[PDB]
Every structure is written in C-alpha cells, then in structure tokens.
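Engineer: See input38.tsv below, with TSV, C-alpha atoms and all ligand atoms.
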```tsv
chain	number	residue	atom	x	y	z
A	1	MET	CA	0.00	0.00	0.00
A	2	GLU	CA	1.39	3.29	-1.39
A	3	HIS	CA	0.51	6.29	0.72
A	4	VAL	CA	-0.86	8.98	-1.54
A	5	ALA	CA	-4.10	10.83	-0.81
A	6	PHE	CA	-6.79	11.25	-3.42
A	7	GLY	CA	-6.79	14.84	-4.63
A	8	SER	CA	-3.25	15.67	-3.40
A	9	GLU	CA	-1.99	18.77	-5.15
A	10	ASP	CA	1.23	17.24	-6.39
A	11	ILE	CA	-0.16	13.82	-7.17
A	12	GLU	CA	1.23	13.77	-10.66
A	13	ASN	CA	4.79	14.15	-9.36
A	14	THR	CA	4.30	11.30	-6.92
A	15	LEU	CA	2.84	8.91	-9.42
A	16	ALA	CA	5.46	9.50	-12.12
A	17	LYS	CA	7.77	7.33	-10.09
A	18	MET	CA	5.49	4.28	-9.85
A	19	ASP	CA	5.59	1.25	-12.12
A	20	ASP	CA	2.43	-0.87	-12.71
A	21	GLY	CA	3.02	-2.96	-9.56
A	22	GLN	CA	3.14	0.01	-7.20
A	23	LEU	CA	0.11	1.62	-8.87
A	24	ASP	CA	-1.72	-1.46	-7.60
A	25	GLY	CA	-0.97	-0.47	-4.02
A	26	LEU	CA	-2.94	2.84	-4.16
A	27	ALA	CA	-6.03	3.37	-2.04
A	28	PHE	CA	-8.02	4.59	-5.05
A	29	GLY	CA	-8.61	3.75	-8.67
A	30	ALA	CA	-6.17	5.11	-11.24
A	31	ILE	CA	-6.32	5.01	-15.02
A	32	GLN	CA	-3.72	6.57	-17.31
A	33	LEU	CA	-5.00	7.62	-20.75
A	34	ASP	CA	-3.24	8.87	-23.89
A	35	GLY	CA	-4.69	12.00	-25.66
A	36	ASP	CA	-7.01	9.81	-27.67
A	37	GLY	CA	-8.50	8.14	-24.59
A	38	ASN	CA	-6.71	4.83	-24.99
A	39	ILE	CA	-5.96	3.04	-21.74
A	40	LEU	CA	-2.26	2.83	-20.85
A	41	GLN	CA	-2.46	1.87	-17.15
A	42	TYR	CA	-5.33	0.53	-15.05
A	43	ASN	CA	-4.80	-0.39	-11.44
A	44	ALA	CA	-6.10	-3.09	-9.11
A	45	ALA	CA	-8.28	-0.71	-7.05
A	46	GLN	CA	-10.05	0.43	-10.25
A	47	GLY	CA	-10.83	-3.17	-11.18
A	48	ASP	CA	-12.26	-3.72	-7.70
A	49	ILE	CA	-14.66	-0.83	-8.28
A	50	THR	CA	-15.77	-1.59	-11.88
A	51	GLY	CA	-15.27	-5.36	-12.25
A	52	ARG	CA	-12.99	-5.01	-15.22
A	53	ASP	CA	-9.78	-7.12	-15.41
A	54	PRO	CA	-6.94	-4.59	-15.68
A	55	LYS	CA	-4.88	-6.57	-18.14
A	56	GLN	CA	-7.82	-7.01	-20.51
A	57	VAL	CA	-8.66	-3.34	-20.90
A	58	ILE	CA	-5.19	-1.92	-21.46
A	59	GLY	CA	-5.09	-0.80	-25.09
A	60	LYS	CA	-8.87	-0.34	-25.42
A	61	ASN	CA	-10.45	3.10	-25.90
A	62	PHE	CA	-12.03	4.23	-22.63
A	63	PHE	CA	-14.79	6.41	-24.19
A	64	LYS	CA	-15.73	4.30	-27.20
A	65	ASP	CA	-15.21	0.73	-25.89
A	66	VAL	CA	-14.97	0.39	-22.13
A	67	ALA	CA	-17.03	3.21	-20.59
A	68	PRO	CA	-19.72	4.45	-23.02
A	69	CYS	CA	-21.66	6.06	-20.14
A	70	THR	CA	-18.78	8.61	-19.89
A	71	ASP	CA	-19.22	9.53	-23.60
A	72	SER	CA	-21.02	12.76	-22.68
A	73	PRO	CA	-20.20	16.49	-22.36
A	74	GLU	CA	-19.96	16.06	-18.60
A	75	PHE	CA	-17.08	13.60	-18.72
A	76	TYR	CA	-15.63	13.02	-22.18
A	77	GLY	CA	-16.27	16.64	-23.10
A	78	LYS	CA	-14.11	17.84	-20.20
A	79	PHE	CA	-11.35	15.44	-21.14
A	80	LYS	CA	-11.36	16.50	-24.78
A	81	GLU	CA	-11.13	20.15	-23.80
A	82	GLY	CA	-8.25	19.48	-21.44
A	83	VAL	CA	-6.35	17.53	-24.10
A	84	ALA	CA	-6.89	20.45	-26.59
A	85	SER	CA	-5.87	23.11	-24.07
A	86	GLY	CA	-2.99	20.98	-22.73
A	87	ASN	CA	-4.17	21.62	-19.16
A	88	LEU	CA	-6.63	19.60	-17.09
A	89	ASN	CA	-7.51	19.53	-13.39
A	90	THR	CA	-11.11	18.84	-12.46
A	91	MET	CA	-13.03	16.85	-9.87
A	92	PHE	CA	-16.68	15.83	-10.00
A	93	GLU	CA	-19.08	13.08	-9.03
A	94	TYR	CA	-20.40	10.62	-11.61
A	95	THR	CA	-22.33	7.36	-11.89
A	96	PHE	CA	-20.89	4.35	-13.65
A	97	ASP	CA	-23.71	2.09	-14.89
A	98	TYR	CA	-22.55	0.08	-17.94
A	99	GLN	CA	-22.80	-3.72	-17.57
A	100	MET	CA	-22.55	-3.17	-13.79
A	101	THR	CA	-24.56	-2.15	-10.75
A	102	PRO	CA	-24.91	1.68	-10.86
A	103	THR	CA	-22.04	2.96	-8.75
A	104	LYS	CA	-21.50	6.56	-7.57
A	105	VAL	CA	-17.93	7.77	-7.57
A	106	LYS	CA	-15.77	10.87	-7.22
A	107	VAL	CA	-13.59	11.42	-10.29
A	108	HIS	CA	-10.43	13.50	-10.50
A	109	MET	CA	-8.93	14.10	-13.93
A	110	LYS	CA	-5.49	15.60	-14.19
A	111	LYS	CA	-2.77	16.03	-16.79
A	112	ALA	CA	0.22	13.76	-16.22
A	113	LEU	CA	3.69	15.25	-15.95
A	114	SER	CA	5.15	13.24	-18.84
A	115	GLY	CA	4.10	14.26	-22.35
A	116	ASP	CA	0.59	13.54	-23.63
A	117	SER	CA	-0.84	11.44	-20.83
A	118	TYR	CA	-3.75	12.05	-18.53
A	119	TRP	CA	-4.83	10.55	-15.25
A	120	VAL	CA	-8.31	9.54	-14.21
A	121	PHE	CA	-8.57	8.91	-10.43
A	122	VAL	CA	-11.68	7.32	-8.87
A	123	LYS	CA	-12.99	6.56	-5.40
A	124	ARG	CA	-16.32	5.56	-4.01
A	125	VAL	CA	-18.75	8.05	-2.43
B	201	LIG	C1	-19.82	3.94	-18.02
B	201	LIG	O1	-20.06	3.25	-19.08
B	201	LIG	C2	-18.72	3.68	-17.15
B	201	LIG	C3	-18.03	2.56	-17.17
B	201	LIG	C4	-16.69	2.36	-16.65
B	201	LIG	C5	-16.02	3.30	-15.86
B	201	LIG	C6	-14.77	3.10	-15.39
B	201	LIG	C7	-14.10	1.93	-15.72
B	201	LIG	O2	-12.88	1.65	-15.28
B	201	LIG	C8	-14.80	0.95	-16.48
B	201	LIG	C9	-16.06	1.16	-16.88
```
Re-express the file's structure as structure tokens.
Structural biologist:
Amino acid sequence: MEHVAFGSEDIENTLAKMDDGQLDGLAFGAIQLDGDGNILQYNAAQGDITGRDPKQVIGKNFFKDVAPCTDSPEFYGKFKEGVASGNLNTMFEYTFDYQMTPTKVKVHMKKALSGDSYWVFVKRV
C-alpha cells in the first residue's frame, strides 16, 4: 500500500515514479490515458470498483469501448477540452452504470507530468 491521498496537489509528481506494480498499491482507482483516450495503465483498485480485469482493458479506448456512459459532455467533453488546451484539473461526481450495478464515484482528472498522458482517479462516495 502506497501512501498517496486522493486529490493531493502534487499527485502527478508522486505517481510519475510508480511502475504498474506500485500503482496497484494505491487506495483509489487510477487510469492513465493517452490524448485519444486509450488506456495505458489501469490499477487493481479500479478493477475492484468496476469489475474489469486490468490486463484485458489496457489498449482499449475508454470512451468508445470500455465506458460508453462517460461519452457525454460532462465527462468526455471535459477530457477532450483538457487535451486540446494541454491543461486539465477537475473533480466531479459521476455514476458508472454500464454492464454493472450503478455505482456513484468521485472522479479527478489531471494532466500527467510526462508528455501527452492524462490521469483519471476514482474513489467511491
Ligand atoms: C460507463 O459506461 C462507465 C463505465 C466504466 C467506468 C470506469 C471503468 O474503469 C470501467 C467502466
């Protein structure tokens, strides 16, 4: 277990050092996306919340394939604007309901430090 708090201001600095194994020790869900929304990293805590098997979703498109309920101005729209503007830091509540029991979460999206990557952080509410 990696001690990093959800919403920490310098979270992107902290997570740049972690490899996939250590991401799996976080207390919250973490997804790393490229600028097109393809999944690069998906941790164990996220799979505990959504039921997905982390290794099976890496490489899939989050908005088109895995999470169609986020294909909306309120989620996807915010991501696409942040990728265009090159800056992103927003937190909101959302409900995940595709092929799963409707689950309410807090979502934190933030630009990664390295190049064209973006974090999606999730915890239950
Ligand atoms: C809506 O379709 C949400 C689905 C979803 C959210 C987060 C994930 O990791 C997987 C599925």
Engineer: Taking all atoms listed in the file into account, report as an MDAnalysis selection string which residues have an atom no farther than 7 Å from an atom of ligand LIG 201 (chain B).
Structural biologist: chainID A and resid 46:47 50 52 66:70 96:98
Engineer: For residue A:44, find every residue with an atom within 10 Å (counting all atoms listed in the file), except residues of its own chain fewer than 4 positions away, and show them as a short mmCIF file (atom, residue, chain, number, x, y, z; two decimals) with C-alpha atoms, in the coordinates of the input.
Structural biologist:
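This went into selection.cif:
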```cif
data_model
loop_
_atom_site.label_atom_id
_atom_site.label_comp_id
_atom_site.auth_asym_id
_atom_site.auth_seq_id
_atom_site.Cartn_x
_atom_site.Cartn_y
_atom_site.Cartn_z
CA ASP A 20 2.43 -0.87 -12.71
CA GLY A 21 3.02 -2.96 -9.56
CA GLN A 22 3.14 0.01 -7.20
CA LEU A 23 0.11 1.62 -8.87
CA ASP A 24 -1.72 -1.46 -7.60
CA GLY A 25 -0.97 -0.47 -4.02
CA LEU A 26 -2.94 2.84 -4.16
CA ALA A 27 -6.03 3.37 -2.04
CA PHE A 28 -8.02 4.59 -5.05
CA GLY A 29 -8.61 3.75 -8.67
CA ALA A 30 -6.17 5.11 -11.24
CA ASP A 48 -12.26 -3.72 -7.70
CA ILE A 49 -14.66 -0.83 -8.28
CA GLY A 51 -15.27 -5.36 -12.25
CA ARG A 52 -12.99 -5.01 -15.22
CA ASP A 53 -9.78 -7.12 -15.41
CA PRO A 54 -6.94 -4.59 -15.68
CA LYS A 55 -4.88 -6.57 -18.14
#
```
Engineer: Using all atoms listed in the file, determine which residues lie at most 10 Å from residue A:16, disregarding the query and same-chain residues fewer than 2 positions distant; provide the list as a VMD selection string.
Structural biologist: chain A and resid 11 to 14 18 to 19 112 to 114
Engineer: For residue A:78, which of A:109, A:122, A:116, A:100 is the closest residue, counting only C-alpha atoms?
Structural biologist: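 Ranking A:109, A:122, A:116, A:100 by distance to residue A:78, first place goes to A:109.
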Engineer: For the atom pair atom CA of residue A:33 and atom CA of residue A:3, what is the interatomic distance in Å to one decimal place?
Structural biologist: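 Distance reported for this atom pair: 22.2 Å.
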Engineer: Mind checking which residues fall within 10 Å of residue A:95, counting all atoms listed in the file, ignoring those fewer than 3 positions away in the same chain, and posting them as JSON, numbers by chain?
Structural biologist: {"A": [69, 70, 98, 101, 102, 103, 104, 105, 106, 107]}
Engineer: Within 10 Å of residue A:115, counting only C-alpha atoms, which residues show up once you throw out same-chain ones fewer than 4 positions away? Write them as JSON, numbers by chain, please.
Structural biologist: {"A": [34, 35, 86, 111]}
Engineer: Any idea what's packed within 9 Å of residue A:60, counting all atoms listed in the file, ignoring anything in its chain fewer than 4 positions away? Could you give it as a VMD selection string?
Structural biologist: chain A and resid 37 to 40 56 64 to 66
Engineer: Measuring between only C-alpha atoms, which one of A:42, A:119, A:6, A:92 shows the shortest distance to residue A:74?
Structural biologist: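 Smallest separation from residue A:74 among the options: A:92.
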Engineer: Rounded to one decimal in Å, what is the spacing between atom CA of residue A:58 and atom CA of residue A:77?
Structural biologist: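 Atom CA of residue A:77 lies 21.7 Å from atom CA of residue A:58.
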Engineer: For atom CA of residue A:57 and atom CA of residue A:43, quote the distance in Å rounded to one decimal.
Structural biologist: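 Going from atom CA of residue A:57 over to atom CA of residue A:43 covers 10.6 Å.
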Engineer: With distances taken over all atoms listed in the file, which residue among A:110, A:1, A:45, A:32 lies nearest residue A:124?
Structural biologist: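 Residue with the minimum atom-to-atom distance to residue A:124: A:45.
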Engineer: Using only C-alpha atoms for the distances, tell me which of A:88, A:121, A:73, A:59 is nearest to residue A:36.
Structural biologist: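 Going through A:88, A:121, A:73, A:59 one by one, the smallest distance to residue A:36 is for A:59.
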Engineer: Please rebuild stretch 64-100 of chain A with N, CA and C atoms and give the result as a PDB file, keeping the file's coordinate frame.
Structural biologist:
```pdb
ATOM      1  N   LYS A  64     -14.963   4.942 -26.134  1.00  0.00           N
ATOM      2  CA  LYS A  64     -15.730   4.300 -27.200  1.00  0.00           C
ATOM      3  C   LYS A  64     -16.080   2.860 -26.834  1.00  0.00           C
ATOM      4  N   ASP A  65     -15.151   2.150 -26.194  1.00  0.00           N
ATOM      5  CA  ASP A  65     -15.210   0.730 -25.890  1.00  0.00           C
ATOM      6  C   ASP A  65     -15.596   0.347 -24.473  1.00  0.00           C
ATOM      7  N   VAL A  66     -14.870   0.861 -23.498  1.00  0.00           N
ATOM      8  CA  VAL A  66     -14.970   0.390 -22.130  1.00  0.00           C
ATOM      9  C   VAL A  66     -16.043   1.075 -21.296  1.00  0.00           C
ATOM     10  N   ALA A  67     -16.167   2.374 -21.431  1.00  0.00           N
ATOM     11  CA  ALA A  67     -17.030   3.210 -20.590  1.00  0.00           C
ATOM     12  C   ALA A  67     -17.934   4.128 -21.404  1.00  0.00           C
ATOM     13  N   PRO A  68     -18.862   3.590 -22.169  1.00  0.00           N
ATOM     14  CA  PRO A  68     -19.720   4.450 -23.020  1.00  0.00           C
ATOM     15  C   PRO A  68     -20.574   5.442 -22.234  1.00  0.00           C
ATOM     16  N   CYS A  69     -20.872   5.131 -20.993  1.00  0.00           N
ATOM     17  CA  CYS A  69     -21.660   6.060 -20.140  1.00  0.00           C
ATOM     18  C   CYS A  69     -20.875   7.390 -19.815  1.00  0.00           C
ATOM     19  N   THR A  70     -19.559   7.376 -20.077  1.00  0.00           N
ATOM     20  CA  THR A  70     -18.780   8.610 -19.890  1.00  0.00           C
ATOM     21  C   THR A  70     -18.691   9.374 -21.200  1.00  0.00           C
ATOM     22  N   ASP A  71     -19.237   8.872 -22.290  1.00  0.00           N
ATOM     23  CA  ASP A  71     -19.220   9.530 -23.600  1.00  0.00           C
ATOM     24  C   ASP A  71     -20.359  10.579 -23.576  1.00  0.00           C
ATOM     25  N   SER A  72     -20.059  11.720 -23.005  1.00  0.00           N
ATOM     26  CA  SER A  72     -21.020  12.760 -22.680  1.00  0.00           C
ATOM     27  C   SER A  72     -20.279  14.064 -22.462  1.00  0.00           C
ATOM     28  N   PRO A  73     -20.893  15.223 -22.629  1.00  0.00           N
ATOM     29  CA  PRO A  73     -20.200  16.490 -22.360  1.00  0.00           C
ATOM     30  C   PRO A  73     -19.679  16.595 -20.939  1.00  0.00           C
ATOM     31  N   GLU A  74     -20.365  15.937 -20.004  1.00  0.00           N
ATOM     32  CA  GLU A  74     -19.960  16.060 -18.600  1.00  0.00           C
ATOM     33  C   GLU A  74     -18.715  15.271 -18.234  1.00  0.00           C
ATOM     34  N   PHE A  75     -18.307  14.333 -19.098  1.00  0.00           N
ATOM     35  CA  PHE A  75     -17.080  13.600 -18.720  1.00  0.00           C
ATOM     36  C   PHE A  75     -16.109  13.696 -19.886  1.00  0.00           C
ATOM     37  N   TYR A  76     -16.418  12.986 -20.955  1.00  0.00           N
ATOM     38  CA  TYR A  76     -15.630  13.020 -22.180  1.00  0.00           C
ATOM     39  C   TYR A  76     -15.408  14.435 -22.674  1.00  0.00           C
ATOM     40  N   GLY A  77     -16.451  15.274 -22.624  1.00  0.00           N
ATOM     41  CA  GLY A  77     -16.270  16.640 -23.100  1.00  0.00           C
ATOM     42  C   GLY A  77     -15.212  17.422 -22.361  1.00  0.00           C
ATOM     43  N   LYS A  78     -15.089  17.199 -21.055  1.00  0.00           N
ATOM     44  CA  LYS A  78     -14.110  17.840 -20.200  1.00  0.00           C
ATOM     45  C   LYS A  78     -12.707  17.317 -20.514  1.00  0.00           C
ATOM     46  N   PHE A  79     -12.631  16.035 -20.771  1.00  0.00           N
ATOM     47  CA  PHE A  79     -11.350  15.440 -21.140  1.00  0.00           C
ATOM     48  C   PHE A  79     -10.871  16.004 -22.469  1.00  0.00           C
ATOM     49  N   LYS A  80     -11.780  16.022 -23.431  1.00  0.00           N
ATOM     50  CA  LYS A  80     -11.360  16.500 -24.780  1.00  0.00           C
ATOM     51  C   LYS A  80     -10.929  17.950 -24.736  1.00  0.00           C
ATOM     52  N   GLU A  81     -11.571  18.774 -23.910  1.00  0.00           N
ATOM     53  CA  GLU A  81     -11.130  20.150 -23.800  1.00  0.00           C
ATOM     54  C   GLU A  81      -9.777  20.290 -23.131  1.00  0.00           C
ATOM     55  N   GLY A  82      -9.540  19.472 -22.115  1.00  0.00           N
ATOM     56  CA  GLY A  82      -8.250  19.480 -21.440  1.00  0.00           C
ATOM     57  C   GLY A  82      -7.149  19.003 -22.360  1.00  0.00           C
ATOM     58  N   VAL A  83      -7.381  17.942 -23.139  1.00  0.00           N
ATOM     59  CA  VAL A  83      -6.350  17.530 -24.100  1.00  0.00           C
ATOM     60  C   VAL A  83      -6.075  18.649 -25.113  1.00  0.00           C
ATOM     61  N   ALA A  84      -7.056  19.375 -25.606  1.00  0.00           N
ATOM     62  CA  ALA A  84      -6.890  20.450 -26.590  1.00  0.00           C
ATOM     63  C   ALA A  84      -6.115  21.641 -26.026  1.00  0.00           C
ATOM     64  N   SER A  85      -6.456  22.021 -24.809  1.00  0.00           N
ATOM     65  CA  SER A  85      -5.870  23.110 -24.070  1.00  0.00           C
ATOM     66  C   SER A  85      -4.547  22.731 -23.392  1.00  0.00           C
ATOM     67  N   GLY A  86      -4.214  21.436 -23.357  1.00  0.00           N
ATOM     68  CA  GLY A  86      -2.990  20.980 -22.730  1.00  0.00           C
ATOM     69  C   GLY A  86      -2.939  21.147 -21.227  1.00  0.00           C
ATOM     70  N   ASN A  87      -4.075  21.457 -20.607  1.00  0.00           N
ATOM     71  CA  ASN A  87      -4.170  21.620 -19.160  1.00  0.00           C
ATOM     72  C   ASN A  87      -5.476  21.000 -18.681  1.00  0.00           C
ATOM     73  N   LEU A  88      -5.429  20.269 -17.580  1.00  0.00           N
ATOM     74  CA  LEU A  88      -6.630  19.600 -17.090  1.00  0.00           C
ATOM     75  C   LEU A  88      -6.565  19.371 -15.599  1.00  0.00           C
ATOM     76  N   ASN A  89      -7.523  19.826 -14.837  1.00  0.00           N
ATOM     77  CA  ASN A  89      -7.510  19.530 -13.390  1.00  0.00           C
ATOM     78  C   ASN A  89      -8.918  19.787 -12.888  1.00  0.00           C
ATOM     79  N   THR A  90      -9.703  18.709 -12.820  1.00  0.00           N
ATOM     80  CA  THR A  90     -11.110  18.840 -12.460  1.00  0.00           C
ATOM     81  C   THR A  90     -11.600  17.610 -11.704  1.00  0.00           C
ATOM     82  N   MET A  91     -12.469  17.861 -10.751  1.00  0.00           N
ATOM     83  CA  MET A  91     -13.030  16.850  -9.870  1.00  0.00           C
ATOM     84  C   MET A  91     -14.552  17.030  -9.862  1.00  0.00           C
ATOM     85  N   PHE A  92     -15.213  15.883  -9.956  1.00  0.00           N
ATOM     86  CA  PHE A  92     -16.680  15.830 -10.000  1.00  0.00           C
ATOM     87  C   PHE A  92     -17.160  14.437  -9.632  1.00  0.00           C
ATOM     88  N   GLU A  93     -18.437  14.364  -9.283  1.00  0.00           N
ATOM     89  CA  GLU A  93     -19.080  13.080  -9.030  1.00  0.00           C
ATOM     90  C   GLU A  93     -19.747  12.591 -10.305  1.00  0.00           C
ATOM     91  N   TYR A  94     -19.879  11.275 -10.423  1.00  0.00           N
ATOM     92  CA  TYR A  94     -20.400  10.620 -11.610  1.00  0.00           C
ATOM     93  C   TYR A  94     -20.928   9.256 -11.221  1.00  0.00           C
ATOM     94  N   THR A  95     -21.794   8.711 -12.079  1.00  0.00           N
ATOM     95  CA  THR A  95     -22.330   7.360 -11.890  1.00  0.00           C
ATOM     96  C   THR A  95     -21.900   6.462 -13.041  1.00  0.00           C
ATOM     97  N   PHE A  96     -21.258   5.364 -12.681  1.00  0.00           N
ATOM     98  CA  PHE A  96     -20.890   4.350 -13.650  1.00  0.00           C
ATOM     99  C   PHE A  96     -21.978   3.279 -13.699  1.00  0.00           C
ATOM    100  N   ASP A  97     -22.589   3.021 -14.862  1.00  0.00           N
ATOM    101  CA  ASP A  97     -23.710   2.090 -14.890  1.00  0.00           C
ATOM    102  C   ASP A  97     -23.676   1.160 -16.097  1.00  0.00           C
ATOM    103  N   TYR A  98     -22.547   0.959 -16.775  1.00  0.00           N
ATOM    104  CA  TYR A  98     -22.550   0.080 -17.940  1.00  0.00           C
ATOM    105  C   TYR A  98     -22.129  -1.342 -17.598  1.00  0.00           C
ATOM    106  N   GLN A  99     -23.020  -2.293 -17.818  1.00  0.00           N
ATOM    107  CA  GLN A  99     -22.800  -3.720 -17.570  1.00  0.00           C
ATOM    108  C   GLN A  99     -22.415  -3.922 -16.109  1.00  0.00           C
ATOM    109  N   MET A 100     -22.914  -3.081 -15.206  1.00  0.00           N
ATOM    110  CA  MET A 100     -22.550  -3.170 -13.790  1.00  0.00           C
ATOM    111  C   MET A 100     -23.625  -2.543 -12.933  1.00  0.00           C
TER     112      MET A 100
END
```
